[PDB]
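*Asks:* Okay, handing you the structure first.
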Amino acid sequence: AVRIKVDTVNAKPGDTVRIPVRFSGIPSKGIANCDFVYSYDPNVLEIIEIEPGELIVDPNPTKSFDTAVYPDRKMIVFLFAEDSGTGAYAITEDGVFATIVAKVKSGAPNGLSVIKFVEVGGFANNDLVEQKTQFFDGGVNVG
Amino acid sequence: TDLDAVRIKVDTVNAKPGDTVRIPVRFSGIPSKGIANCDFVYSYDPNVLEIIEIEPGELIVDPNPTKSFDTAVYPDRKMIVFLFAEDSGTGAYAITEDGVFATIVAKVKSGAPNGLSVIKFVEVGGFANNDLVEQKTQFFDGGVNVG
């Protein structure tokens, strides 16, 4: 199974923090596409940007990777679909899939603001066979 | 209806339990300038409708439609996410006319109850013209009137 984990990072109100989303157990046949959703607390974290991680091998990262943030529904949607169409830009190793850049609101309480796994859609290898996954939560420990 | 807004509306189609139905998502009031990108979410009842595929509509002009258009269906959370961003980078594949943005293809489950199974607007992210200026939008619901 591929393991997906959002880091838990420490920050102080006002800080702009980077929260890696890591993949481990990436199969030999790679990951051609994957999409999933995590929830967050928009009253504590303002999502600034979500950067393609080192695992995105496409020369034009944004062609293979995208995210959509919906503050009202409190969700972050991750979308990866290797752009070559031949499997060429498939993820082939463990590492950082994306980096959430979020600002901790100035009046945020101390303690953990959770970034929780909500749902996975597809998560397939270069044979387009669905892979088993195990998703883990993360967030920001405000101090 | 705001004539200065782009109105997005999911059709309300009639069907019987067991039918595979096509439910267009239409755009009206598209600025001649063109829409370079848009993303939004509608909810549905996966206990009545099994989403089979969401086809790029006639408005998706990219010769590689999947490079400009994508959707994500989440049955557990009961949501459908629509994502459009013209792939050329120069505005070449922007949406420039009124018409079908996408087509939801769904099967009405054999045991589905009679009545309207609503496909309801949830939230809009961006909806920008070619100069990257956010456009005023109005989203309307649709669904399948099961009978």
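For the structure tokens, the naming scheme is as follows: chains receive sequential letters (A, B, ...) according to their order of presentation, residues are indexed from 1 within each chain, and ligands are indexed from 1 in presentation order.
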Near chain B, which residues of chain A fall within 12 Å when you count only C-alpha atoms, and what do they look like as a PDB file with C-alpha atoms, in the first residue's frame?
*Replies:*
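Result went into iface21.pdb, see below:
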ATOM      1  CA  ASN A  33      -2.821   9.406 -11.425  1.00  0.00           C
ATOM      2  CA  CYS A  34      -4.348  10.083  -8.017  1.00  0.00           C
ATOM      3  CA  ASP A  35      -6.907  12.441  -6.507  1.00  0.00           C
ATOM      4  CA  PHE A  36      -8.036  12.866  -2.951  1.00  0.00           C
ATOM      5  CA  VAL A  37      -9.487  15.366  -0.478  1.00  0.00           C
ATOM      6  CA  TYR A  38      -8.434  16.569   2.984  1.00  0.00           C
ATOM      7  CA  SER A  39     -10.405  18.895   5.243  1.00  0.00           C
ATOM      8  CA  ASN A  60       5.697  21.784 -16.621  1.00  0.00           C
ATOM      9  CA  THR A  62       1.188  22.369 -13.398  1.00  0.00           C
ATOM     10  CA  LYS A  63       0.295  20.237 -16.385  1.00  0.00           C
ATOM     11  CA  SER A  64       0.342  17.098 -14.256  1.00  0.00           C
ATOM     12  CA  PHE A  65      -0.590  18.581 -10.862  1.00  0.00           C
ATOM     13  CA  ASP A  66      -3.388  20.792  -9.618  1.00  0.00           C
ATOM     14  CA  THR A  67      -5.324  21.488  -6.409  1.00  0.00           C
ATOM     15  CA  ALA A  68      -8.652  23.191  -5.660  1.00  0.00           C
ATOM     16  CA  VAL A  69      -9.331  24.733  -2.231  1.00  0.00           C
ATOM     17  CA  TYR A  70     -12.939  25.307  -1.108  1.00  0.00           C
ATOM     18  CA  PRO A  71     -12.952  27.328   2.155  1.00  0.00           C
ATOM     19  CA  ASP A  72     -16.757  27.260   2.550  1.00  0.00           C
ATOM     20  CA  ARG A  73     -16.819  23.437   2.465  1.00  0.00           C
ATOM     21  CA  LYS A  74     -13.429  23.389   4.258  1.00  0.00           C
ATOM     22  CA  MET A  75     -11.746  21.116   1.772  1.00  0.00           C
ATOM     23  CA  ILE A  76      -8.593  20.721  -0.250  1.00  0.00           C
ATOM     24  CA  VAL A  77      -8.774  18.639  -3.393  1.00  0.00           C
ATOM     25  CA  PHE A  78      -5.520  17.153  -4.764  1.00  0.00           C
ATOM     26  CA  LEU A  79      -5.408  16.201  -8.447  1.00  0.00           C
ATOM     27  CA  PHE A  80      -2.552  14.458 -10.183  1.00  0.00           C
ATOM     28  CA  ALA A  81      -2.751  12.996 -13.676  1.00  0.00           C
ATOM     29  CA  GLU A  82       0.579  12.554 -15.473  1.00  0.00           C
ATOM     30  CA  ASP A  83       0.412  14.803 -18.563  1.00  0.00           C
ATOM     31  CA  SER A  84       2.306  12.672 -21.090  1.00  0.00           C
ATOM     32  CA  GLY A  85      -0.485  10.177 -21.585  1.00  0.00           C
ATOM     33  CA  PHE A 117      -8.159  12.863   5.278  1.00  0.00           C
ATOM     34  CA  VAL A 118     -11.642  12.961   3.758  1.00  0.00           C
ATOM     35  CA  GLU A 119     -11.757  10.760   0.642  1.00  0.00           C
ATOM     36  CA  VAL A 120      -9.684   9.176  -2.145  1.00  0.00           C
ATOM     37  CA  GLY A 121     -10.899   8.895  -5.722  1.00  0.00           C
ATOM     38  CA  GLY A 122      -8.366   7.217  -7.966  1.00  0.00           C
TER      39      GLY A 122
END
*Asks:* Write down as a PyMOL selection string the residues belonging to range 31-133 of chain A that are assigned alpha helix (DSSP H) by DSSP computed on the backbone.
*Replies:* chain A and resi 61-64
*Asks:* Could you pull the residues within 10 Å of residue 21 in chain B, counting only C-alpha atoms, minus those fewer than 6 positions along the same chain, as a ChimeraX atom specification?
*Replies:* /B:13-15,49,51-52,103-108,144
*Asks:* Residues at most 6 Å from range 137-141 of chain B, counting only C-alpha atoms, excluding those fewer than 5 positions away in the same chain, as a list in words?
*Replies:* residues 5, 6, 7, 8, 9, 10, 119, 120 and 121 of chain B
*Asks:* For the strand (DSSP E or B) assignment from backbone DSSP, which residues of range 51-123 of chain B qualify? Please present them as an NGL selection string.
*Replies:* :B and (51-56 or 69-74 or 79-85 or 95 or 99-108 or 115-123)
*Asks:* Near residue 31 in chain A, counting only C-alpha atoms, which residues have an atom at most 12 Å away, once you skip same-chain residues fewer than 3 positions from it, shown as number ranges by chain?
*Replies:* A: 1-2, 23-28, 34-35, 55-57, 64, 80-82, 87-94, 97, 122-133
*Asks:* In Å, how far is it from CA of residue 99 in chain B to CA of residue 30 in chain B?
*Replies:*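 Spanning CA of residue 99 in chain B to CA of residue 30 in chain B is a straight-line distance of 8.9 Å.
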*Asks:* Which polymer residues have any atom within 10 Å of an atom of residue 15 in chain A, counting only C-alpha atoms, with same-chain residues fewer than 6 positions away left out, as a ChimeraX atom specification?
*Replies:* /A:45,102-106,142
